[PDB]
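A short reminder: the numbers here are calculations on the coordinates, not readings from a lab. Quick reminder, even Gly has a Cβ in these numbers, built from the backbone with ideal geometry, and neighbours come from all protein chains shown.
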Amino acid sequence: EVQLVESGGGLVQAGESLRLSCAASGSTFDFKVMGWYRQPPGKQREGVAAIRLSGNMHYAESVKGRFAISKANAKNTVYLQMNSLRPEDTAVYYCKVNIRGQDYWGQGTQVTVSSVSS
Amino acid sequence: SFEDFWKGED
């Protein structure tokens, strides 16, 4: 009965930056791996970035270099830095965690990037 | 794949 709480999303201008937050909840047990997937409208869901408890991290090719995942100081909490956002980054972003051998998924938070900029 | 990283042991 682990609960994911995703925050930081919303409706943003092209070229701006955004940080998502995800806190896995209801466990005293550190995760093994935690990260983000995303679903562009009408497209399949795809992994974005993941980080293991050791700090070892993995990025999908479509975002590698543009996004950065990290461990917050808080128990079972990770951040996704999304820099230089573009309309193709528009998507539902889903947090996922693996704790004690079980995967848990968040409800997802929208990140929408208009083509208009500052 | 992304899923190979996800499932892998640390």
Inset, instruction - Give the Debye-formula value of log10 I(q)/I(0) at each listed q (0.15, 0.16 Å⁻¹), with one equal scatterer per alpha carbon of segment A:50-108, two decimals each. - result: -0.51, -0.58
Inset, instruction - Distance from a point 7 Å along Cα→Cβ of A:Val116 to each backbone N in segment A:51-88: keep the residues under 16 Å and list them by number. - result: A:87
Inset, instruction - Count the net charge of all other residues whose Cβ sits under 13 Å from the Cβ of A:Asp103, scoring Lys and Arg as +1 and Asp and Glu as -1. - result: +3
Legend entry - Total formal charge among the other residues, if their Cβ is under 10 angstrom from that of A:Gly35, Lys/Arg +1 and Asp/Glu -1: +2
Legend entry - Using θ = phi - 60° and Karplus 6.51 cos²θ - 1.76 cosθ + 1.60, couplings along segment A:14-19 (whole Hz; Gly, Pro as x): 4, x, 7, 10, 8, 10
Inset, instruction - First select every other residue whose beta carbon is under 9 angstrom from the beta carbon of A:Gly47; then total the charges, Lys and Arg +1, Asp and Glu -1. - result: +1
Legend entry - In segment A:17-118, the GluC sites (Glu not before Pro) that fall in loop regions by DSSP, at most 15 other Cβ within 10 Å: A:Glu61
Legend entry - Within segment A:3-114: Cβ-based charge dipole about Cα centre, in debye rounded to nearest 20 (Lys, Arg +1; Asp, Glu -1): 240 debye
Legend entry - Cα pair count fraction exceeding 20 Å, expressed as % - chain A: 37 percent
